[PDB]
$ cat target.cif   # mmCIF, C-alpha atoms and all ligand atoms
data_structure
loop_
_atom_site.label_atom_id
_atom_site.label_comp_id
_atom_site.auth_asym_id
_atom_site.auth_seq_id
_atom_site.Cartn_x
_atom_site.Cartn_y
_atom_site.Cartn_z
CA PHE M 1 108.76 88.82 92.22
CA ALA M 2 106.41 90.06 89.51
CA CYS M 3 103.28 88.87 87.72
CA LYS M 4 101.62 89.22 84.34
CA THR M 5 98.36 88.28 82.69
CA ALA M 6 97.87 85.88 79.78
CA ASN M 7 97.86 88.81 77.34
CA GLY M 8 101.04 90.29 78.84
CA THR M 9 99.70 92.97 81.18
CA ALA M 10 102.27 93.14 83.97
CA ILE M 11 102.45 94.14 87.61
CA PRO M 12 106.11 94.87 88.45
CA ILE M 13 108.25 94.26 91.53
CA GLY M 14 106.52 95.96 94.46
CA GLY M 15 102.96 95.18 93.39
CA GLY M 16 100.19 97.28 91.96
CA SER M 17 97.00 96.47 90.07
CA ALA M 18 95.91 95.13 86.70
CA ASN M 19 92.65 94.26 84.97
CA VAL M 20 91.90 90.68 83.91
CA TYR M 21 89.26 90.05 81.24
CA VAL M 22 88.09 86.45 81.54
CA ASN M 23 85.81 84.44 79.30
CA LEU M 24 82.86 83.04 81.24
CA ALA M 25 80.61 80.16 80.32
CA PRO M 26 77.64 81.96 78.71
CA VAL M 27 75.15 79.69 80.49
CA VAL M 28 75.07 78.48 84.10
CA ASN M 29 72.11 76.31 85.02
CA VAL M 30 70.54 76.32 88.46
CA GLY M 31 72.60 74.09 90.74
CA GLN M 32 75.68 74.25 88.49
CA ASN M 33 78.96 76.07 89.11
CA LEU M 34 80.26 79.02 87.12
CA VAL M 35 84.01 78.42 87.11
CA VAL M 36 86.35 81.38 86.79
CA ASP M 37 89.78 79.75 86.48
CA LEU M 38 92.48 82.40 86.87
CA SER M 39 95.36 79.90 86.69
CA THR M 40 95.20 80.27 82.89
CA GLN M 41 95.16 84.08 83.19
CA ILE M 42 97.59 85.16 85.95
CA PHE M 43 101.24 84.10 86.13
CA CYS M 44 104.07 84.98 88.51
CA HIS M 45 107.77 84.28 88.90
CA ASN M 46 110.62 84.59 91.40
CA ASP M 47 113.35 87.08 90.44
CA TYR M 48 116.13 85.53 92.55
CA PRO M 49 115.32 81.90 93.41
CA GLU M 50 118.98 81.12 94.18
CA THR M 51 118.54 82.79 97.59
CA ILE M 52 114.91 83.88 98.02
CA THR M 53 111.75 81.82 98.40
CA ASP M 54 108.64 83.82 97.51
CA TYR M 55 105.41 83.26 99.43
CA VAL M 56 102.07 84.11 97.83
CA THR M 57 98.58 84.07 99.34
CA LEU M 58 95.11 85.14 98.36
CA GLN M 59 94.85 87.98 100.87
CA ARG M 60 91.32 89.05 99.91
CA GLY M 61 88.70 88.00 97.41
CA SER M 62 85.71 90.29 96.91
CA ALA M 63 82.63 89.95 94.72
CA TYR M 64 80.98 92.72 92.72
CA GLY M 65 78.08 93.29 90.36
CA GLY M 66 76.03 90.25 89.45
CA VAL M 67 78.31 87.89 91.36
CA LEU M 68 77.88 89.80 94.63
CA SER M 69 74.10 90.00 94.38
CA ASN M 70 72.94 86.68 92.89
CA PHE M 71 75.78 84.13 93.24
CA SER M 72 77.17 82.03 96.07
CA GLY M 73 80.83 81.21 95.77
CA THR M 74 83.90 79.37 96.89
CA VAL M 75 87.47 79.96 95.80
CA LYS M 76 89.84 77.06 95.19
CA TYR M 77 93.41 78.01 96.10
CA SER M 78 96.10 75.45 95.29
CA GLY M 79 93.72 72.51 95.57
CA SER M 80 91.81 73.66 98.67
CA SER M 81 88.47 75.45 98.79
CA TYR M 82 87.49 78.48 100.87
CA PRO M 83 84.44 80.76 101.05
CA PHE M 84 84.17 83.49 98.41
CA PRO M 85 83.99 86.41 99.28
CA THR M 86 86.93 85.54 101.52
CA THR M 87 86.93 85.57 105.32
CA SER M 88 90.51 84.44 105.97
CA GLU M 89 93.80 84.52 104.13
CA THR M 90 94.90 81.33 102.41
CA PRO M 91 97.94 79.16 103.04
CA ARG M 92 101.04 80.22 101.15
CA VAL M 93 102.02 79.01 97.69
CA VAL M 94 105.74 79.00 96.86
CA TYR M 95 107.38 80.49 93.77
CA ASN M 96 111.05 79.55 93.33
CA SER M 97 111.64 79.92 89.58
CA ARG M 98 112.27 82.68 87.05
CA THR M 99 109.97 80.88 84.61
CA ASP M 100 106.36 81.98 84.97
CA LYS M 101 104.04 79.72 86.97
CA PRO M 102 100.24 79.91 87.35
CA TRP M 103 98.61 81.62 90.28
CA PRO M 104 96.35 78.67 91.23
CA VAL M 105 93.07 80.51 91.89
CA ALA M 106 89.65 79.52 90.57
CA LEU M 107 86.23 80.80 91.60
CA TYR M 108 83.28 78.41 91.79
CA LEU M 109 80.07 80.44 91.64
CA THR M 110 76.62 78.90 91.91
CA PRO M 111 73.41 80.86 91.17
CA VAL M 112 71.28 81.79 94.17
CA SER M 113 68.36 83.43 92.37
CA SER M 114 67.54 84.27 88.76
CA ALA M 115 64.61 85.38 86.61
CA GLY M 116 66.05 83.76 83.47
CA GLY M 117 67.90 86.87 82.24
CA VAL M 118 71.50 88.07 82.23
CA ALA M 119 72.96 87.28 85.66
CA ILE M 120 76.37 88.79 84.80
CA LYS M 121 76.67 91.62 82.27
CA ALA M 122 79.47 91.69 79.72
CA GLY M 123 82.15 94.15 80.78
CA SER M 124 81.16 94.30 84.45
CA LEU M 125 83.52 93.90 87.38
CA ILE M 126 82.83 90.53 89.01
CA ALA M 127 85.70 90.19 91.50
CA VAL M 128 88.77 91.79 93.02
CA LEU M 129 91.47 89.33 94.08
CA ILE M 130 94.42 90.61 96.09
CA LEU M 131 97.58 88.54 95.85
CA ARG M 132 99.93 89.17 98.79
CA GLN M 133 103.58 88.36 98.16
CA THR M 134 106.10 87.96 100.98
CA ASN M 135 109.42 86.11 101.12
CA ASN M 136 111.94 84.47 103.45
CA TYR M 137 114.53 87.19 102.74
CA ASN M 138 113.31 90.63 103.85
CA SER M 139 110.10 92.22 105.16
CA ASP M 140 108.59 92.79 101.71
CA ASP M 141 104.78 92.69 101.83
CA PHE M 142 103.46 93.60 98.39
CA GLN M 143 99.90 93.58 97.05
CA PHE M 144 99.11 92.53 93.48
CA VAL M 145 95.49 93.58 92.91
CA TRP M 146 93.64 91.74 90.13
CA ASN M 147 90.40 93.34 88.91
CA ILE M 148 88.38 90.57 87.25
CA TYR M 149 86.03 91.68 84.47
CA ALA M 150 83.60 89.53 82.51
CA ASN M 151 84.16 89.38 78.76
CA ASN M 152 80.63 88.18 78.00
CA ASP M 153 77.11 87.89 79.35
CA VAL M 154 76.27 84.96 81.61
CA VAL M 155 72.66 83.75 81.58
CA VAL M 156 70.99 81.53 84.18
CA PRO M 157 67.99 79.94 82.41
CA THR M 158 64.75 79.54 84.33
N1 LIG M 201 124.21 88.92 93.93
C1 LIG M 201 123.10 89.18 94.03
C2 LIG M 201 121.72 89.49 94.17
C3 LIG M 201 120.99 89.95 93.10
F1 LIG M 201 121.59 90.10 91.90
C4 LIG M 201 119.63 90.21 93.23
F2 LIG M 201 119.03 90.67 92.24
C5 LIG M 201 119.01 90.19 94.48
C6 LIG M 201 117.63 90.38 94.65
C7 LIG M 201 116.70 90.32 93.60
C8 LIG M 201 115.34 90.56 93.81
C9 LIG M 201 114.93 91.01 95.05
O1 LIG M 201 113.66 91.33 95.40
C10 LIG M 201 112.59 91.16 94.47
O2 LIG M 201 112.57 89.78 94.06
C11 LIG M 201 112.38 88.91 95.20
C12 LIG M 201 112.40 87.48 94.72
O3 LIG M 201 111.32 87.41 93.80
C13 LIG M 201 111.07 89.21 95.90
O4 LIG M 201 110.96 88.35 97.03
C14 LIG M 201 111.12 90.65 96.37
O5 LIG M 201 109.91 90.99 97.06
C15 LIG M 201 111.29 91.54 95.16
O6 LIG M 201 110.19 91.37 94.25
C16 LIG M 201 115.85 91.22 96.05
CL1 LIG M 201 115.33 91.78 97.58
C17 LIG M 201 117.18 90.92 95.85
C18 LIG M 201 119.75 89.65 95.55
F3 LIG M 201 119.25 89.47 96.78
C19 LIG M 201 121.10 89.35 95.40
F4 LIG M 201 121.81 88.90 96.47
#

$ encode --input "target.cif" --output "C-alpha cells"
Amino acid sequence: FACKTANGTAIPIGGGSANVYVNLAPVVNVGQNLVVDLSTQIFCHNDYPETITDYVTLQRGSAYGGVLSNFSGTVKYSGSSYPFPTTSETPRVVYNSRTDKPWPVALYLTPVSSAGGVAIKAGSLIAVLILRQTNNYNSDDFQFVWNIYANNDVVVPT
C-alpha cells in the first residue's frame, strides 16, 4: 500500500508524510462552506490485492492557522460527515486494486468570525490529515501524514 498526490509526490510502503498544496475558493461568504476536496489530490493503491485487503481510515484531522482560529468544520469521509478537527477515527475504506483510487476526504469549513480581510493566507498550513492504513494480512499499522497548505488567499467579505 502506497499513496501519491495529484502532482506525483509519493509516500511509499510503510507510510511517511507529504505536503499537499490545494486550490481554495478565493471567497467564502458568511454562512457558506469552504470545501477542501482532497479526493482530487490524494490517491492510494493496494500492492497485492490478490491476497490482501487494505483498510484505510482518517485517524486524525487537525486544523491550523486561519482554519483553526476562525473556521468551524466538518470532514466528509466516504459519504459520511464527522467533526473537524476530529474526535474519533472514521470507519474503514477498502483498497483492493493496484490502480490508484481517491482517498475520499473533503473538509467543509464555515466562517465563524471575520473582519472582511484574508481569513486564510496563501502558503499557510490549514490542516494535517493522518491516514492510517491497516490490512487483513499482518499487523501493519502505517501512518500517511498529509500536510495541507493553501495555494491562495481566502477572503470572507463583511
Ligand atoms: N507470491 C507472493 C507475494 C508477493 F509477491 C507480495 F508482494 C506480497 C506482498 C506484497 C505487499 C505487502 O505489503 C505491502 O502491501 C500490502 C498490500 O497493499 C499492504 O497491506 C502492506 O501494509 C504493505 O504496504 C506484503 Cl505484506 C506482501 C505477498 F504477500 C505475497 F504473498

$ closest_atom_pairs --input "target.cif" --of "chain M" --to "ligand LIG 201 (chain M)" --cutoff "12 Å" --atoms "all atoms listed in the file" --output "Markdown table"
| residue | atom | partner | partner_atom | distance |
| --- | --- | --- | --- | --- |
| M:1 | CA | M:LIG201 | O3 | 3.3 |
| M:2 | CA | M:LIG201 | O6 | 6.2 |
| M:3 | CA | M:LIG201 | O6 | 9.8 |
| M:11 | CA | M:LIG201 | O6 | 10.6 |
| M:12 | CA | M:LIG201 | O6 | 7.9 |
| M:13 | CA | M:LIG201 | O6 | 4.4 |
| M:14 | CA | M:LIG201 | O6 | 5.9 |
| M:15 | CA | M:LIG201 | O6 | 8.2 |
| M:16 | CA | M:LIG201 | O6 | 11.8 |
| M:44 | CA | M:LIG201 | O3 | 9.3 |
| M:45 | CA | M:LIG201 | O3 | 6.8 |
| M:46 | CA | M:LIG201 | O3 | 3.8 |
| M:47 | CA | M:LIG201 | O3 | 3.9 |
| M:48 | CA | M:LIG201 | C12 | 4.7 |
| M:49 | CA | M:LIG201 | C12 | 6.4 |
| M:50 | CA | M:LIG201 | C19 | 8.6 |
| M:51 | CA | M:LIG201 | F3 | 6.8 |
| M:52 | CA | M:LIG201 | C12 | 5.5 |
| M:53 | CA | M:LIG201 | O4 | 6.7 |
| M:54 | CA | M:LIG201 | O4 | 5.1 |
| M:55 | CA | M:LIG201 | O4 | 7.9 |
| M:56 | CA | M:LIG201 | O4 | 9.9 |
| M:94 | CA | M:LIG201 | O3 | 10.5 |
| M:95 | CA | M:LIG201 | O3 | 8.0 |
| M:96 | CA | M:LIG201 | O3 | 7.9 |
| M:97 | CA | M:LIG201 | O3 | 8.6 |
| M:98 | CA | M:LIG201 | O3 | 8.3 |
| M:99 | CA | M:LIG201 | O3 | 11.4 |
| M:100 | CA | M:LIG201 | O3 | 11.5 |
| M:132 | CA | M:LIG201 | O5 | 10.3 |
| M:133 | CA | M:LIG201 | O5 | 6.9 |
| M:134 | CA | M:LIG201 | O5 | 6.3 |
| M:135 | CA | M:LIG201 | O4 | 4.9 |
| M:136 | CA | M:LIG201 | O4 | 7.6 |
| M:137 | CA | M:LIG201 | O4 | 6.8 |
| M:138 | CA | M:LIG201 | CL1 | 6.7 |
| M:139 | CA | M:LIG201 | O5 | 8.2 |
| M:140 | CA | M:LIG201 | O5 | 5.2 |
| M:141 | CA | M:LIG201 | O5 | 7.2 |
| M:142 | CA | M:LIG201 | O5 | 7.1 |
| M:143 | CA | M:LIG201 | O5 | 10.3 |
| M:144 | CA | M:LIG201 | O6 | 11.2 |

$ closest_residue --input "target.cif" --among "M:90, M:62, M:147, M:74" --to "residue 42 (chain M)" --atoms "all atoms listed in the file"
M:147

$ closest_residue --input "target.cif" --among "M:102, M:123, M:116, M:31" --to "residue 78 (chain M)" --atoms "only C-alpha atoms"
M:102

$ closest_residue --input "target.cif" --among "M:157, M:32, M:21, M:131" --to "residue 103 (chain M)" --atoms "all atoms listed in the file"
M:131

$ closest_residue --input "target.cif" --among "M:115, M:148, M:127, M:10" --to "residue 84 (chain M)" --atoms "only C-alpha atoms"
M:127

$ atom_distance --input "target.cif" --atom1 "CA of residue 121 (chain M)" --atom2 "CA of residue 82 (chain M)"
25.2 Å

$ residues_around --input "target.cif" --residues "region 71-73 of chain M" --least-positions-apart "2" --cutoff "8 Å" --atoms "only C-alpha atoms" --output "mmCIF file with C-alpha atoms, in the coordinates of the input"
data_model
loop_
_atom_site.group_PDB
_atom_site.id
_atom_site.type_symbol
_atom_site.label_atom_id
_atom_site.label_comp_id
_atom_site.auth_asym_id
_atom_site.auth_seq_id
_atom_site.Cartn_x
_atom_site.Cartn_y
_atom_site.Cartn_z
ATOM 1 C CA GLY M 66 76.030 90.250 89.450
ATOM 2 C CA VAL M 67 78.310 87.890 91.360
ATOM 3 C CA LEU M 68 77.880 89.800 94.630
ATOM 4 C CA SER M 69 74.100 90.000 94.380
ATOM 5 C CA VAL M 75 87.470 79.960 95.800
ATOM 6 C CA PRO M 83 84.440 80.760 101.050
ATOM 7 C CA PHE M 84 84.170 83.490 98.410
ATOM 8 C CA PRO M 85 83.990 86.410 99.280
ATOM 9 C CA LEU M 107 86.230 80.800 91.600
ATOM 10 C CA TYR M 108 83.280 78.410 91.790
ATOM 11 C CA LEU M 109 80.070 80.440 91.640
ATOM 12 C CA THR M 110 76.620 78.900 91.910
ATOM 13 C CA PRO M 111 73.410 80.860 91.170
ATOM 14 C CA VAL M 112 71.280 81.790 94.170
ATOM 15 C CA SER M 113 68.360 83.430 92.370
#

$ residues_around --input "target.cif" --residues "residue 38 (chain M)" --least-positions-apart "4" --cutoff "7 Å" --atoms "all atoms listed in the file" --output "short mmCIF file (atom, residue, chain, number, x, y, z; two decimals) with C-alpha atoms, in the coordinates of the input"
data_model
loop_
_atom_site.label_atom_id
_atom_site.label_comp_id
_atom_site.auth_asym_id
_atom_site.auth_seq_id
_atom_site.Cartn_x
_atom_site.Cartn_y
_atom_site.Cartn_z
CA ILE M 42 97.59 85.16 85.95
CA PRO M 104 96.35 78.67 91.23
CA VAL M 105 93.07 80.51 91.89
CA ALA M 106 89.65 79.52 90.57
#

$ closest_residue --input "target.cif" --among "M:154, M:76, M:119, M:92" --to "residue 22 (chain M)" --atoms "all atoms listed in the file"
M:154

$ atom_distance --input "target.cif" --atom1 "CA of residue 17 (chain M)" --atom2 "CA of residue 39 (chain M)"
17.0 Å

$ atom_distance --input "target.cif" --atom1 "CA of residue 63 (chain M)" --atom2 "CA of residue 29 (chain M)"
19.8 Å

$ closest_residue --input "target.cif" --among "M:129, M:40, M:4, M:33" --to "residue 146 (chain M)" --atoms "only C-alpha atoms"
M:129
